[PDB]
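A.B. asks: My questions all concern the structure below.
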Amino acid sequence: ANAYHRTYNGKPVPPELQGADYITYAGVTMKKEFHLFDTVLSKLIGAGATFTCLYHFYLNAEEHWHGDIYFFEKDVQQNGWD
Amino acid sequence: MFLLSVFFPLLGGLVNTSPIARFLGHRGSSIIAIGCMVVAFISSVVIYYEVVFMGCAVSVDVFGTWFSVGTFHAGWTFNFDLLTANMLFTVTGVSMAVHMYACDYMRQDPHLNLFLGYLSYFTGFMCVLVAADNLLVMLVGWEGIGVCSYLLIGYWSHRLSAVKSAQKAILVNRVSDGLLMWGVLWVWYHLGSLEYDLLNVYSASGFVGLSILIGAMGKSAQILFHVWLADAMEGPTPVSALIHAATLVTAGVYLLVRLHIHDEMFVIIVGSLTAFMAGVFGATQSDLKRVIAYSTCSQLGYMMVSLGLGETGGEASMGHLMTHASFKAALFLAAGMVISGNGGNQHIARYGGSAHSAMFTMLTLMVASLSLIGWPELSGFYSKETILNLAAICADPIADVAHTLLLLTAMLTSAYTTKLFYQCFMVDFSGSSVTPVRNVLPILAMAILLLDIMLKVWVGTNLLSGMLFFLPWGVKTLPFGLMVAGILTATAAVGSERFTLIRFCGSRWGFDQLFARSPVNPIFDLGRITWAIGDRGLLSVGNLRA
Amino acid sequence: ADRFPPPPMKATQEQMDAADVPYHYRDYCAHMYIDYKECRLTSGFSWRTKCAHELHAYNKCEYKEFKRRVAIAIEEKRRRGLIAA
Amino acid sequence: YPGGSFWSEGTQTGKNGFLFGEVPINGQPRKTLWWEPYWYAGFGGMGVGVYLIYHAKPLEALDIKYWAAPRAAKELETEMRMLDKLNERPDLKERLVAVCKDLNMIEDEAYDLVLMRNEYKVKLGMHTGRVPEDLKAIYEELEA
Amino acid sequence: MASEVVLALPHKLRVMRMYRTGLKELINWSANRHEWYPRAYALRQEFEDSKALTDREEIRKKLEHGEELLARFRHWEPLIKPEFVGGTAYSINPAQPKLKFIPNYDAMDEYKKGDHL
Amino acid sequence: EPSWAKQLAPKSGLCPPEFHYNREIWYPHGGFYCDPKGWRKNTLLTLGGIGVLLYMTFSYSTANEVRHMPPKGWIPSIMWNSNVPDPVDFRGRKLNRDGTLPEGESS
Amino acid sequence: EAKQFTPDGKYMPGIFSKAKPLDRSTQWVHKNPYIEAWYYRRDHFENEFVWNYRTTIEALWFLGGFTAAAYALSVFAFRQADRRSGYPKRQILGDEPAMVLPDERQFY
Amino acid sequence: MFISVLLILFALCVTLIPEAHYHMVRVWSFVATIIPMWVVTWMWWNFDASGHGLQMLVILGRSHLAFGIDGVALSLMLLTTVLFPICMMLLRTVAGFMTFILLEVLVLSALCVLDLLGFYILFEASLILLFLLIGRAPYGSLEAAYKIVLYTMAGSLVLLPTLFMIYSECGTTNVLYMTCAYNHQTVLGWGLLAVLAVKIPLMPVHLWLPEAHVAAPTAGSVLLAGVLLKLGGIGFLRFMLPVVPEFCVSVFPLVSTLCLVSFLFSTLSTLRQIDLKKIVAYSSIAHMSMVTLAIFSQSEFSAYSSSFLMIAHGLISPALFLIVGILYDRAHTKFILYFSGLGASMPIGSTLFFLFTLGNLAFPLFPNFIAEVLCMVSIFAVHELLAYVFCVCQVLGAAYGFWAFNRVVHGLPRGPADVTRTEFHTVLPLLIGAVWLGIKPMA
Amino acid sequence: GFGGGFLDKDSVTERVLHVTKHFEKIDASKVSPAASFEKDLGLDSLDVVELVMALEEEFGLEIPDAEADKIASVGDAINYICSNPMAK
Amino acid sequence: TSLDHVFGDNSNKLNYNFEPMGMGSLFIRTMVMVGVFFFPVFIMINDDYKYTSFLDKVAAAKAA
Amino acid sequence: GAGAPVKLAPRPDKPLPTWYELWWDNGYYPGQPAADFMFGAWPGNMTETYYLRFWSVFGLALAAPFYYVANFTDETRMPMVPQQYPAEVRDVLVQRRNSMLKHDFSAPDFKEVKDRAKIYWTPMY
Amino acid sequence: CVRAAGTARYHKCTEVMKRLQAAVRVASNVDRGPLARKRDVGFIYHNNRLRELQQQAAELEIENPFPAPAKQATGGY
Ligand SMILES: CCCCCCCCCCCC(=O)SCCNC(=O)CCNC(=O)[C@H](O)C(C)(C)COP(=O)(O)O
């Protein structure tokens with residue numbers, strides 16, 4: 001059913017619906033739950049995206065901090081023309 | 001392995017719609033559809049690898065000719081080039097995950113298998129369209145995907161709004177198709193053949209480019225043709241995702257890129273206007289689906305401008321399509337998951353918190369948003385920056401307007417995308433539904449979409465990415481700063497006092513209302529006048545009473 | 001263009017045909033384009049690493065070409081009188 | 001999900017709908033309607049005849065388009081060398097240009113005149129004098 | 001201005017529907033319910049400044065001005081629950097109305113199922 | 001209750017119990033929430049037919065493949081197709097059917 | 001609930017059956033009188049014609065006007081096709097004796 | 001000839017059958033129409049496309065009656081002989097069998113006629129048959145029969161003086177000598193234009209068909225839709241172009257503008273129709289106008305394209321009439337507002353409605369699509385403006401088509417259940433033929 | 001479950017009572033089944049409109065305007081809910 | 001009527017008179033549609049007019 | 001969650017309009033016209049006059065930069081000439097009318113090159 | 001030719017394209033019929049008329065209102 005149960009009228013909260021598995025606020029109880037596969041896959045995908053961005057950026061940081069004009073004119077002046 | 005990319009989804013859809021489906025059930029229908037999609041995807045991956053990397057184009061004689069009367073010769077022939085390989089790979093990769101998601105989203109729908117079969121037909125006819133070597137097969141694919149879209153939009157035949165939307169879209173696309181047919185007539189009359197490889201043009205009679213571009217704009221929902229796209233959200237989430245990711249909307253741009261026989265001025269003007277309209281449209285609504293559709297329209301306008309720039313611009317536009325499809329489908333699927341977790345709520349004003357949905361869906365939406373808005377070093381980043389740089393160096397003074405318009409449009413894109421994410425999760429909860437669905441298959445579909453997005457960066461679409469074009473340092477950083485500005489403004493979530501502009505913007509500029517009575521009611525009146533006044537009146541011959 | 005004439009072409013028509021070069025890239029840096037294409041289209045995933053020198057050389061040649069184009073534009077403007085001389 | 005799994009036992013036995021509304025009665029096999037055998041015989045016979053026409057009649061008997069392919073292939077073959085020699089003889093090309101100017105034709109219709117040596121108006125004008133005599137010579141040396 | 005049916009409502013009912021639809025519109029223009037709360041309090045207070053009005057001419061003036069304000073502010077995209085009238089989930093898949101079935105129609109009155117002439 | 005109802009299957013467990021759908025309609029696809037009993041055996045037979053048709057179209061595809069130009073390098077199409085021409089690289093050097101440089105210039 | 005058949009086929013007309021027999025007329029609709037009047041009026045709309053101001057204005061401006069437009073457009077297309085094939089003026093119906101049907105034996 | 005006379009006598013044996021044995025009555029009536037289908041199949045197997053433009057020539061002495069076969073006549077005969085058994089499958093009276101047998105005989109005789117006087121005599125010999133068919137006492141409309149009969153008689157009476165004048169001018173009535181003599185092309189041309197513009201629905205004189213094809217029963221409706229309009233197109237192709245070309249040329253702007261305005265007004269008028277049968281009636285007008293313009297274009301391949309379109313309409317439109325007839329008979333009304341939720345009620349029937357609607361709308365994988373492509377190729381080669389006018393209004397027909405389809409099919413389920421085995425069998429030949437001609441019509 | 005799309009009487013009554021007590025003017029002990037709004041609870045027309053909207057939120061309902069106008073007491077609202085198959 | 005108290009009754013009546021459009025507005029919008037959707041006709045005709053103007057100027061100048 | 005109860009559309013009980021063939025009744029309430037906005041209210045109660053008035057200025061405001069840039073600034077604005085190619089290579093590339101290389105004002109035949117680039121519509125005989 | 005040449009088509013399959021266009025023109029315009037206008041696949045009549053108009057306007061000493069004639073419009077002509 002609903003992951004949130006509503007009590008109303010200040011009713012005594014059901015004892016079966018209390019514990020570490022139930023967290024209540026304003027008389028309304030929500031459950032502390034964890035999913036293994038979901039969290040693991042989320043971590044994998046997030047780490048993949050983060051590493052992708054980090055490594056792509058590090059390979060191309062000079063071409064961003066300075067301009068392509070600046071970087072290549074610097075190379076021409078410093079490291080030859082041919 | 002070559003003909004597997006086309007015939008296999010078609011056979012799967014035929015089986016799914018055959019009386020055989022009676023003996024299988026929804027479980028079996030899902031199994032068959034997923035297997036067919038995976039097999040076609042493997043074949044498409046192999047074809048993509050071989051064609052893109054080893055440059056091997058293959059032409060196929062399939063069923064002999066279709067019809068050859070006079071000098072007109074039409075043949076069931078298929079050719080696979082870099083363009084066709086890219087289109088097939090993109091479409092198959094999108095539709096595989098689309099089928100995976102649809103196998104779970106509609107699990108409590110009664111007639112699921114018909115939905116699966118129509119999706120498979122849509123994918124197969126898209127493959128047919130892209131496999132075309134001559135214009136007639138392109139037309140066949142065009143109308144087949146149109147028919148599939150009509151059936152899919154009108155899946156829930158019990159809602160009148162969806163039926164009206166489907167009929168409106170069909171009629172608009174039929175206008176575009178008449179324009180396209182006239183263009184095809186001109187092309188054959190002045191070129192003598194239909195195969196694209198036999199079509200090399202330097203200067204046509206203008207009507208070719210004009211009519212072809214109008215017909216393409218019809219499918220791409222550009223300016224004067226975009227009204228149907230928003231109403232397509234009446235259909236199920238998988239249909240909208242598949243249509244807006246790699247099919248139908250892409251077909252016009254695909255035809256334009258394949259042809260490259262347009263006129264730069266009109267292409268650029270139309271693309272810029274459409275992009276600006278889509279950008280101002282997306283930030284001014286409160287329906288989640290409509291915003292993503294308008295974003296699709298804006299990216300279509302971007303691709304239009306790119307292909308109008310030139311051959312290199314055309315290839316960049318094709319790469320923009322290839323990168324756009326994946327995260328467009330990802331955004332649609334994440335929105336659908338969030339909506340289902342919200343008890344079918346399709347309005348933003350009743351969301352909030354991190355309790356309604358799963359972590360993976362949130363992360364996937366975040367990644368897709370980042371890629372679409374051009375976040376630095378990302379999938380959409382590369383294509384958007386390439387198109388911007390190629391548009392910052394154009395030889396047309398007209399393009400200068402387009403560059404500024406696209407800058408504004410990108411800033412607004414970041415604005416409403418950040419607003420979308422903010423209303424989805426960052427704001428406090430303001431609805432009544434929490435059913436976080438954590439089924440494996442849609443999560444895996446999101447994973448496949450994200451993996452393809454990663455591949456599009458780790459492996460470039462073409463050689464254009466990494467080709468450095470020489471701009472001042474501020475110019476390159478400009479779209480980055482625009483995205484930052486959109487981030488700031490949206491995270492502020494602030495609004496203006498000029499409420500008349502607000503009511504104008506929200507109305508979609510009244511275009512639906514304008515077309516409601518300028519052509520349509522006069523068409524009705526012309527019909528009544530013709531029938532009653534002429535036939536029963538002027539043309540009537542009465543009786544000689546006696 | 002006389003003041004800044006194009007350099008001689010180091011890539012022949014036959015070489016470009018063998019490399020299957022798109023015809024709109026048959027520029028004054030064709031050989032660099034060919035080498036970059038041959039490198040990148042064979043490397044697999046790690047193309048940005050094992051082909052960095054080829055990309056840098058191609059972009060350097062394109063930088064020379066872009067400078068030549070800018071100089072040609074400046075000289076043309078100076079001849080016509082659009083820029084003070 | 002029934003049984004709590006995607007791999008559970010089925011739930012449906014019996015008749016799922018009535019095709020045509022034909023309902024079994026007491027296990028008796030369905031009566032064939034009066035018109036079914038004759039309809040099937042006639043229409044299947046027509047279809048069989050159609051397939052046999054399309055896949056057994058001689059290609060020339062089936063359609064003219066097969067009759068003309070071998071006869072036009074040789075003419076195209078022998079006219080290709082005529083065209084190629086016209087690419088090697090500026091004098092013959094300019095003579096054909098003059099003939100085309102004589103015949104309400106433009107400079108670009110040079111190859112058009114070459115390919116039409118077997119056309120009705122061409123030979124009739126040759127016989128009646130409307131065609132220049134030199135066109136016959138042009139054809140003769142180009143064939144040579 | 002309201003519609004003719006609302007024009008026919010009793011003064012109490014007219015003002016009640018006015019206030020109700022005003023709250024509805026404020027939700028419709030709201031970014032969130034949380035934004036809607038202070039707006040709701042202010043809207044409640046504004047009516048509280050008109051509680052002790054007796055002269056029906058000025059009462060009618062205020063009511064008409066408010067009705068014009070509301071009519072000028074009809075939201076283009078109202079916030080609707082999905083399974084009600086105008087909602088997206090409305091009229092998706094209803095229960096099949098009872099439909100009679102005709103068994104073995106071809107079997108009845110054979111050789112005489114054509115057309116009279 | 002009519003006579004012919006006994007030949008009819010009941011509403012499936014997938015179907016919502018509160019729903020009525022005039023179960024007597026013969027649908028081309030199966031109807032409502034259709035879920036037969038021997039469905040897994042039907043699924044296996046359907047997959048067998050899929051595989052057979054896959055093999056037929058695979059054979060036809062390999063038969064009717066036309067390659068107008070040598071490829072740029074090694075491809076898996078070689079292992080099942082011999083009509084594939086021997087590749088020629090970007091530099092024009094002809095390469096063996098394994099896609100590696102031949103002797104004289106290799107190693 | 002009737003029995004219009006025997007246990008071995010043999011359709012029974014059931015003339016003297018108390019129950020209402022299922023037949024071809026079984027699924028006939030119950031006609032709505034207003035709908036019937038509307039459909040008769042629309043099938044017999046011919047009695048509603050009149051030479052009013054609006055009808056005449058509409059008939060001249062649209063029907064005859066677009067007839068003239070299409071006629072002139074056809075004339076233009078015909079003459080332009082003639083000019084695009086190298087032909088002189090051709091004799092349309094009522095256009096004075098002139099060239100018709102260019103000979104296949106002449107190059108134009 | 002001998003075989004034809006044998007069939008003629010064999011068909012007449014229906015009346016000689018005592019009515020007691022109804023089973024054999026139906027069998028004989030159906031088989032009599034079955035036989036000519038196989039005979040035409042045998043003819044097609046006997047034809048030579050490498051032979052003369054006319055084959056199987058026969059003349060009945062000095063009695064006119066010149067019979068010869070081209071591709072157009074053979075294809076029309078094939079389509080008609082496919083259509084007729086379905087019509088027979090929808091009749092229950094001996095009188096209907098006799099009337100339709102005579103109608104089929106007349107159509108077949110006219111289809112291969114080569115004498116203009118012969119065509120004149122043989123064509124309109126069925127006018128009384130149509131008059132008796134349409135205005136049947138319990139359900140027909142006398143006014144529709146009155147209309148159509150008067151229109152046809154007016155056309156024939158206009159034509160006859162021209163026919164006899166050219167006969168006297170050339171001393172005969174054979175086409176192959178009428179085509180070879182100098183003649184006053186103008187008068188005969190007006191006669192031919194009048195007749196074949198009455199027969200084919202062309203504005204302004206076209207108003208009989210909407211009443212006629214609706215008042216008639218299903219079999220006669222299919223006959224009138226798929227046959228008698230094509231008698232006009234084959235009429236053009238066989239007579240007018242071969243005989244009087246100069247009139248055809250000088251009238252070309254008039255014919256083109258009349259066809260265009262006919263198409264436009266018919267397309268616009270259709271949307272305001274409130275009955276499915278009337279909607280189907282107006283649908284054929286645009287197809288006939290397109291056929292006529294394609295014939296009159298004569299640009300590259302006009303005759304073949306026109307024949308293809310004629311076959312396509314005679315294939316698809318009878319399916320629309322079949323669906324309309326099934327719905328009316330099992331509904332007792334044709335009024336649209338009583339049709340709703342048909343897909344859930346008639347799944348296969350509604351699917352067929354969709355497919356044949358798409359067939360009417362010229363979509364790929366259907367013969368109509370290739371037909372209209374070829375017709376627009378012929379029109380375009382003459383001029384591009386006419387082709388654009390045809391191309392621009394493609395949306396306007398599909399508008400009413402999709403609107404009516406969605407209105408009657410989707411929504412609240414109410415009405416008849418799905419189709420029966422007989423009805424699906426009647427639908428079957430058109431579906432198979434359309435698929436076959438839309439995939440591989442040629443080889 | 002229970003009900004042909006309808007919920008129980010008792011949870012509806014409890015929810016209505018729990019919603020009802022959200023006013024400063026209201027003393028808790030005087031709220032009961034079938035209670036007058038104006039005469040008993042002393043809530044103005046604005047309060048009645050607010051309560052209607054709040055109950056619409058609590059039960060997820062879009063009440064028609066005329067039916068809302070009919071609502072003038074606790075019992076009327078409860079019985080109206082007891083007629084709704086669309087209430088959650 | 002069993003659902004009126006849930007989704008509204010049939011009390012409210014549609015305010016539409018079912019009347020043909022304004023004559024002048026209908027005419028103007030018909031002309032607007034014709035102009036927008038038959039532009040190739042005008043383009044071809046104006047091309048012919050420009051061509052014949054060129055021929056007229058050539059004829060005027062060439063005979064003097 | 002299929003199967004939600006839905007209100008039906010009661011059959012009419014008064015004489016129909018002459019042109020009733022514009023109201024879409026699918027059998028369920030609420031019905032709709034043939035197309036949205038065609039008659040009756042519009043969401044927001046806006047009118048066609050409002051949108052015509054707004055567009056009368058919005059269209060020109062959007063169009064104005066197009067005309068100004070197309071009529072007051074030329075290729076000299078760009079600080080570089082287009083990508084250069086050898087004569088035997090450029091000679092085919094510029095033949096395309098859509099090709100952007102025509103805007104090289106440094107071209108040896110620049111005005112001639114632009115002269116060929118104009119667009120015609122009717123093919124001339 | 002096109003599929004064998006690939007990229008080099010713009011300088012390798014010109015003549016075969018010209019041959020094919022000439023064949024198409026012969027097939028169409030010869031015995032074109034009574035009503036069909038003449039067809040130029042290679043736009044040959046267009047550009048020849050363009051050159052004649054250019055020459056005439058040059059003799060006319062006025063600005064050209066028409067595009068300058070093109071050397072070739074297709075991959076063939
Ligand atoms: C976006 C916002 C747009 C503008 C929205 C409108 C804002 C303007 C609001 C200001 C105008 C008014 O308050 S409207 C004026 C309302 N007040 C009166 O008319 C005087 C009192 N008369 C009575 O009959 C009753 O006391 C009554 C209180 C009506 C009923 O309460 P009960 O039945 O309990 O008794």
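Numbering starts fresh at 1 for the residues of each chain in the structure tokens, the chains themselves are lettered A, B, ... in the order given, and ligands are numbered from 1 as they appear.
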Check every protein, DNA and RNA residue against ligand 1, keep those with an atom at most 6 Å away (counting only C-alpha atoms and all ligand atoms), and present them as a PyMOL selection string.
C.D. replies: (chain E and resi 12+15+22+46-47+50-53+59+62-63+66+69-70) or (chain I and resi 44-45)
A.B. asks: Please check the contacts: residues of chain I at most 12 Å away from chain K, using only C-alpha atoms, listed as a short mmCIF file (atom, residue, chain, number, x, y, z; two decimals) with N, CA, C and O atoms, in the first residue's frame.
C.D. replies:
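Output (part-v5.cif):
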data_model
loop_
_atom_site.label_atom_id
_atom_site.label_comp_id
_atom_site.auth_asym_id
_atom_site.auth_seq_id
_atom_site.Cartn_x
_atom_site.Cartn_y
_atom_site.Cartn_z
N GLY I 4 -17.70 -1.59 -3.43
CA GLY I 4 -17.64 -1.52 -4.88
C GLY I 4 -17.06 -0.20 -5.33
O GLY I 4 -17.76 0.62 -5.95
N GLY I 5 -15.79 0.03 -5.03
CA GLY I 5 -15.16 1.32 -5.23
C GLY I 5 -15.36 2.30 -4.10
O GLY I 5 -14.89 3.44 -4.21
N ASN I 84 -19.10 8.57 -2.97
CA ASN I 84 -18.04 8.77 -3.95
C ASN I 84 -17.30 7.46 -4.20
O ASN I 84 -16.74 6.89 -3.25
N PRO I 85 -17.27 6.95 -5.43
CA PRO I 85 -16.31 5.89 -5.76
C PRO I 85 -14.94 6.42 -6.13
O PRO I 85 -14.02 5.62 -6.35
N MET I 86 -14.77 7.74 -6.20
CA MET I 86 -13.52 8.36 -6.62
C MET I 86 -12.71 8.92 -5.46
O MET I 86 -11.76 9.67 -5.69
N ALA I 87 -13.07 8.58 -4.23
CA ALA I 87 -12.36 9.11 -3.06
C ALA I 87 -11.32 8.12 -2.58
O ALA I 87 -11.58 6.92 -2.48
#
A.B. asks: For chain F, report every residue with an atom at most 7 Å from chain D (counting only C-alpha atoms), formatted as a VMD selection string.
C.D. replies: chain F and resid 7 to 9 12 to 14 23 to 27 35 to 39
A.B. asks: Those selected residues, please, written with N, CA and C atoms and delivered as a CSV table (one decimal), in the first residue's frame.
C.D. replies:
chain,number,residue,atom,x,y,z
F,7,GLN,N,-18.2,-23.2,-22.2
F,7,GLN,CA,-17.1,-23.4,-23.0
F,7,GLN,C,-16.1,-22.2,-22.9
F,8,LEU,N,-16.5,-21.1,-22.3
F,8,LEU,CA,-15.7,-19.9,-22.2
F,8,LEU,C,-14.8,-20.0,-21.0
F,9,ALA,N,-13.6,-19.5,-21.2
F,9,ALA,CA,-12.6,-19.3,-20.1
F,9,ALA,C,-13.0,-18.2,-19.1
F,12,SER,N,-8.9,-13.8,-16.4
F,12,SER,CA,-7.6,-14.2,-16.0
F,12,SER,C,-7.2,-13.5,-14.6
F,13,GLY,N,-6.3,-14.1,-13.9
F,13,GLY,CA,-5.8,-13.6,-12.7
F,13,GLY,C,-5.1,-12.2,-12.9
F,14,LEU,N,-4.6,-12.0,-14.0
F,14,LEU,CA,-4.0,-10.7,-14.4
F,14,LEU,C,-5.1,-9.6,-14.4
F,23,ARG,N,-16.7,-11.2,-22.3
F,23,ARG,CA,-15.7,-12.2,-22.6
F,23,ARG,C,-15.9,-12.9,-23.9
F,24,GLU,N,-17.0,-12.7,-24.5
F,24,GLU,CA,-17.4,-13.5,-25.7
F,24,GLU,C,-16.8,-13.0,-27.0
F,25,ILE,N,-16.0,-11.9,-26.9
F,25,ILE,CA,-15.5,-11.3,-28.2
F,25,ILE,C,-14.2,-12.0,-28.6
F,26,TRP,N,-14.2,-12.5,-29.8
F,26,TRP,CA,-13.0,-13.1,-30.4
F,26,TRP,C,-12.1,-12.0,-30.8
F,27,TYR,N,-10.9,-11.8,-30.2
F,27,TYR,CA,-10.1,-10.7,-30.6
F,27,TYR,C,-9.0,-11.2,-31.5
F,35,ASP,N,-3.8,-14.9,-21.1
F,35,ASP,CA,-2.7,-15.6,-20.5
F,35,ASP,C,-3.0,-17.1,-20.4
F,36,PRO,N,-2.7,-17.8,-21.5
F,36,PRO,CA,-3.1,-19.3,-21.6
F,36,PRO,C,-2.3,-20.1,-20.6
F,37,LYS,N,-2.7,-21.4,-20.6
F,37,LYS,CA,-2.1,-22.4,-19.7
F,37,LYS,C,-0.8,-22.9,-20.2
F,38,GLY,N,-0.7,-23.5,-21.4
F,38,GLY,CA,0.5,-24.0,-21.9
F,38,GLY,C,1.3,-22.9,-22.6
F,39,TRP,N,1.4,-21.8,-22.0
F,39,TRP,CA,2.0,-20.6,-22.7
F,39,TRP,C,3.5,-20.7,-22.8
A.B. asks: Residue 232 (chain H): which residues within 7 Å, counting only C-alpha atoms, same-chain residues fewer than 4 positions away excluded, as a list in words?
C.D. replies: residues 196, 199, 200 and 236 of chain H
A.B. asks: Would you mind telling me which residue in B:316, B:160, B:38, B:137 lies nearest to residue 28 (chain K) when using only C-alpha atoms?
C.D. replies: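 Residue with the minimum atom-to-atom distance to residue 28 (chain K): B:160.
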A.B. asks: Just asking: which residues within region 294-515 of chain B are helix (DSSP H, G or I) according to DSSP, as JSON, numbers by chain?
C.D. replies: {"B": [294, 295, 296, 297, 298, 299, 300, 301, 302, 303, 304, 305, 306, 307, 308, 309, 311, 312, 313, 314, 315, 316, 317, 318, 319, 320, 321, 322, 323, 324, 325, 326, 327, 328, 329, 330, 331, 332, 333, 334, 335, 336, 337, 338, 339, 340, 341, 348, 349, 350, 359, 360, 361, 362, 363, 364, 365, 366, 367, 368, 369, 370, 371, 372, 379, 380, 381, 382, 383, 384, 385, 386, 387, 388, 389, 390, 391, 397, 398, 399, 400, 401, 402, 403, 404, 405, 406, 407, 408, 409, 410, 411, 412, 413, 414, 415, 416, 417, 418, 419, 420, 421, 422, 423, 424, 425, 426, 440, 441, 442, 443, 444, 445, 446, 447, 448, 449, 450, 451, 452, 453, 454, 455, 456, 457, 458, 473, 474, 475, 476, 477, 478, 479, 480, 481, 482, 483, 484, 485, 486, 487, 488, 489, 490, 491, 492, 499, 500, 501, 502, 503, 504, 505, 506, 508, 509, 510, 511, 512, 513, 514, 515]}
A.B. asks: Based on only C-alpha atoms, which of the residues in chain F come within 10 Å of chain G? I want them as a PyMOL selection string.
C.D. replies: chain F and resi 1-3
A.B. asks: May I have the residues within 12 Å of residue 49 (chain A) as number ranges by chain, using only C-alpha atoms and disregarding those fewer than 5 positions away in the same chain?
C.D. replies: A: 42-44, 54-56; B: 363-364, 366-368, 370-371, 377-379, 447, 450-458
